[PDB]
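Chain and residue survey
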Amino acid sequence: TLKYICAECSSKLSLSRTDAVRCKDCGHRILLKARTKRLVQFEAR
Amino acid sequence: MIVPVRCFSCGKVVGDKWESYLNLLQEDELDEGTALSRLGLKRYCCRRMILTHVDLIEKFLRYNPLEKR
Amino acid sequence: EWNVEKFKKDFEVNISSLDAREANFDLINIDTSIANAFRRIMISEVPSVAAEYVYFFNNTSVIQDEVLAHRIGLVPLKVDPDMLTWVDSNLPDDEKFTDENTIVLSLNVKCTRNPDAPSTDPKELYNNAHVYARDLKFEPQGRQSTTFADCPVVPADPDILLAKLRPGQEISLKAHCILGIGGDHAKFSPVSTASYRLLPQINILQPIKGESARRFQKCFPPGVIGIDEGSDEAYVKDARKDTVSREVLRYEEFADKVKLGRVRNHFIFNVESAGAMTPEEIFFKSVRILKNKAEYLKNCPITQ
Amino acid sequence: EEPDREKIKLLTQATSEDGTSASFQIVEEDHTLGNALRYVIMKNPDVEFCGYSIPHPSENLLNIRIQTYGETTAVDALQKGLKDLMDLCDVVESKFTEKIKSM
Amino acid sequence: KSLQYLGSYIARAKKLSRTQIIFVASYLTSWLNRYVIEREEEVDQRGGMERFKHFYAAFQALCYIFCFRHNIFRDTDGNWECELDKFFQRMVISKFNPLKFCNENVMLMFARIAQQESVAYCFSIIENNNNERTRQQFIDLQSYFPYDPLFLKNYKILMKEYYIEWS
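The PDB entry lists chain C under the name DNA-directed RNA polymerases I and III subunit RPAC1, with Saccharomyces cerevisiae given as the organism. Per the PDB header, the title for this entry is "RNA Polymerase I Closed Conformation 1 (CC1)". According to the UniProt record, the Subcellular location comment for chain C is "Nucleus, Nucleolus". The Sequence similarities field of the UniProt record for chain C holds the comment "Belongs to the archaeal Rpo3/eukaryotic RPB3 RNA polymerase subunit family."

The PDB entry lists chain A under the name DNA-directed RNA polymerases I, II, and III subunit RPABC4, from Saccharomyces cerevisiae.

Here it is, written out as structure tokens:
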């Protein structure tokens, strides 16, 4: 499931459209995106 | 950041001995060099990785973006 | 006049010490051109197992993607070669990793806070905060249900500190392994320090007995010069205990009464280990790779 | 039977048809075999000249030259330079196994 | 290339006269013995064997006449046109070694016919090449036989009447 991160209270809340760009456990504005299980590959050099 | 795996010049694996100097001064209670001698301490082409390392990963981990407070 | 029969009658090996990591054995009357090449091959050309391609399905902690991808490749895996075989990069991705060319590893760790009371030991304070090397778990791919059953792929020093974590964070990866020369990258290196040192030889000229002999004792490593009295004045105990400091060559009293030299064919190999192989065995690999390199030119015809 | 003809190449822009003077361009090599091979060739007394030179360390090439007095070509001197270096790597090993077993 | 075109022309042509074969090889032996006076003691000067590229490709193309057209050269008795166990048997042991500088395949066909035909005995000298053995594009002309069989399944039906096969 796509969710995001509240930068302030550290509570992972998702975001649908026609919604406030806010937190909802605190009242914070700036909000950052988390990652999920996705394949990335690297050389060990 | 964390302790390097391999000695840069020589190449001995040095992710091994980072942890015995509190107990060298709390359990063994010595001064510096007596505690800097015994436990497998051998070459000042890689004895630096005791004295030289900073281990800045402790200062990052307090900035967790994933926990309350 | 040199013939290979005559090499055989004056070549000696003095294996002074032979441990499970750091072997130390002397040689006699071989040229430096051969003896460097044994040092040359033991660093580069003896192959070893190392992690090559790291697939992170999830990396969340503070140690970044590419840094921890680099550290896993450095991990010396206690698996003898001539179990895997080489990779061959003239064929695509889904054909490049088989059951025969690739030990397949994986690592899954999540950290969460343990209820504890405090000033608090950060092992007791968080579950799985240290990611040691002994959390890397071998996954048996293909026919590897009995052909690595006696020897599961264990990191040769299982106390390598791969990461530190905090609650919320996780690292979920899958790292393949491969067999490769050390001449490409410095993680395939099957030796800590492959080195030879050339044996010093100390020449005295005058009798230097008495009070002077005590200041010829102390200007060297202690197991080098032995005094009895003027009877047995100052004999060389060990020319191997001494390394070249030349402490005696800055004094006035011994400015000319002693000279220093090297025995120009008596090597002293030191061969440490990477933790995968015994050190005398990687010296056997080196002396046959050069023989593998000698026959292969002979088995090669000259076209133009 | 599949030859691998990349590894030897006799540069005919330096080789006379006397055979006593030639110039081999090895690939995939370095100082590792070169000094070790050249020391073996210089014990054959019919070899008047033998030296190696890596042209440039970036590419993995190797050039050795052998001149002889006659009555042995560079190729008949190259092979005995390789025929002995096989045996010289066995006199090391066979002397070495016999010293492990006495501990 | 033209001599290389000429050599695999004769032995890969069903419809010629049995004296049109001769005059080609009559001239092609005439040129190699017009060749004897001039450039058969110029060999040992300071130069290379690549001076004579024109020679060996001609003698290659002459050997490919004899390889798959030899019984036409057979006269009533079994003798040869201008004594080919004296013409070839000189140039087998000449001061060029043309046994070495022609193609390896067609010279292998030559001695493995001249053994079973008694014109030359050059299998010893091809064996006598042990230690001594602009080149890469000189192989590629000597292996270019222009009259190889057609792999395409449809036009050889026409050329099943004008052409000699590998048999």
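Past the structure itself, the notes keep going.
Between chain C and chain D, the residue contacts involve 36 residues of the former and 36 residues of the latter. For the pairing of chain C and chain D, the buried interface totals around 3900 Å² over both sides, and the portion due to carbon and sulfur atoms is 76%. If you sort the residues of chain C by the area they bury against chain D, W2(C), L297(C) and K298(C) come out on top, with a joint share of 16%. With a shortest N-O distance of 3.6 Å, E12(C) and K95(D) are connected by a salt bridge. Connecting chain C to chain D are five residue pairs in polar contact. Every element with two or more residues in the side of chain C that touches chain D is listed here: helix 1 (4-8), strand 1 (12-17), helix 2 (32-43) and helix 6 (279-298) of chain C. If one sorts the elements of the side of chain C that touches chain D by residue count, helix 6 of chain C sits on top with 13 residues. Within the side of chain C that touches chain D, the residues separate by chemical class into 23 nonpolar, three polar and ten charged.

We now examine the interface of chain A and chain C. Facing the eleven residues of chain A at the interface are 18 residues of chain C. Interface area for chain A against chain C, summed over the two sides, is near 1400 Å², with a carbon-plus-sulfur share of 50%. It is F42(A), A44(A) and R45(A) in chain A that bury the most area against chain C; as a group they hold 49% of the surface buried on that side. Summed over the shared surface of chain A and chain C, the number is three salt bridges. Close ionic contact of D65(C) with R35(A) constitutes a salt bridge, the shortest N to O distance being 3.6 Å. Taken together, the links from chain A to chain C amount to ten residue pairs in polar contact. Tallied by class, the residues present in the side of chain A that touches chain C amount to four nonpolar, two polar and five charged. The pairing of strand 3 (residues 40-43) of chain A with strand 3 (residues 48-59) of chain C spans four bridges and is classified as antiparallel. Paired with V40(A) across the bridge in strand 3 of chain C is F56(C).

Rules and cut-offs
Residues numbered from 1 in each chain as written, not as in the entry; some residues may be left out. Chains lettered and ligands numbered in written order. Part of a larger assembly, values for the part shown. Heavy atoms only, no water. UniProt positions renumbered as here; feature names shortened; annotations may be inferred. Contact = heavy atoms within 4.5 Å. Buried area = accessible area lost by both parts, 1.4 Å probe. Salt bridge = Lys/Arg side-chain N within 4 Å of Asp/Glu carboxyl O. Polar contact = N/O pair within 3.5 Å; in protein donor to acceptor, adjacent residues only side chain to side chain. Helix = DSSP H or I, 4+ residues; strand = E, 2+ residues; numbered from the N terminus. Nonpolar A, V, L, I, M, F, W, Y, C, P; charged D, E, K, R; others polar. Pairing = 2+ DSSP bridges.

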